């Protein structure tokens, strides 16, 4: 239910901070992504005068997965490993051959230090990868009509940001709430469960208060009892947090009058209430607590991991919605996984008898097992072909284009690495955590190195 990377004693936590959207309030990711895609697509032709055709682009949710990286320079989308090696790549929607991948990058690795790459985990990655993919396909068709790959990417990023602060996005959903947000009673039960154990919960969102009030009201209030209000659930509600800068920057707080919505500058320490802007530094101080006593839970890293972890110090946990289907798919592939595990053991011992009757014809003899081993080279190619098919069968249980989110080839993917480094704890959704005792001591499993003995 809850996965541990680093120890975190919930008994030592006095405040739990929650991202409002996608963390505290769940959204139908498929609909939400589709919506953002349509708006950004529309906005491209409306303010950037992109080719008419794009309005006709079909949105396929499975065209991308979470954790992908795009290099704005070459209009490519890559799935990297934990150390930045290219597992697979596409130029637009056209896959790049391993051969040509190496000719393109002069290496199997890439350097994310190079800003020409977009490697930040964001809540729109998927939509942005799908639109960008087909967006560079158009570009190729008639280079003279559309800007450059790096220009296109910057444009899409701009539209994606504008629409979020434009009001465009929030309005469409605030009027189709039942379609975009999925309510969950367990969430309010969990918050009450934790508050009941002395925990103080606060939320910080990049959304304005007016819109935040409407949303919390719709997704929390209904599950409350008579005489209860969602406002009593949170010690603080920081709006327009301006994450990630909120964590390591120094932007000032604005006290928000919950009624009229007007604000005043903050003088002195902050007190339970509604604010806008701010920074973790001042907030941790005013609360008179140590950063290791504060736990923040978000849905996306949304920033550079080293600066976030070094320049902040709050314990950080992650909610990874894609985990739902990832786990589900692995449980489904169990029987297939087993059939290849045994088809490997056979290829192993069968390949072992091959080197044996091999380290003879040229280690003790000089010719005698010539035909003896040849029967193994054919019997080994057979057990191999079986494995290729069994692998095809396994992939069918995952995204057909990009495979799993946490795996890149057989090792952990670049995204798996980000979760591991950024999060001490991660789960599918917020309630998975609230299900546990507010005084739980989370322990990580012993990693175990290659030269370690059981």
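Positions refer to the first chain, counted from 1.
Look at the C-alpha B-factors of 391-399 and of 45-53. On average they run higher in 45-53.
On average the C-alpha atoms of 258-266 have higher B-factors than those of the other stretch, with 314-322 and 258-266 being the two compared. In the PDB entry, the Cα temperature factor peaks, among 279, 123, 276, 329, at 123. Looking only at 200, 185, 360, 192, the residue with the top Cα B factor in the deposited structure is 360.
Residue-level temperature factors show residue 88 in the middle third of its chain, judged at the C-alpha atom. Sort the modelled residues of the chain by CA B factor and residue 413 lands in the lowest third.
The PDB entry assigns residue 245 a C-alpha temperature factor belonging to the lowest third of its chain's modelled residues. In the PDB entry, residue 449 places in the middle third of its chain by CA B-factor. Per the PDB record, residue ranking by Cα B-factor puts residue 369 in the highest third of the chain.
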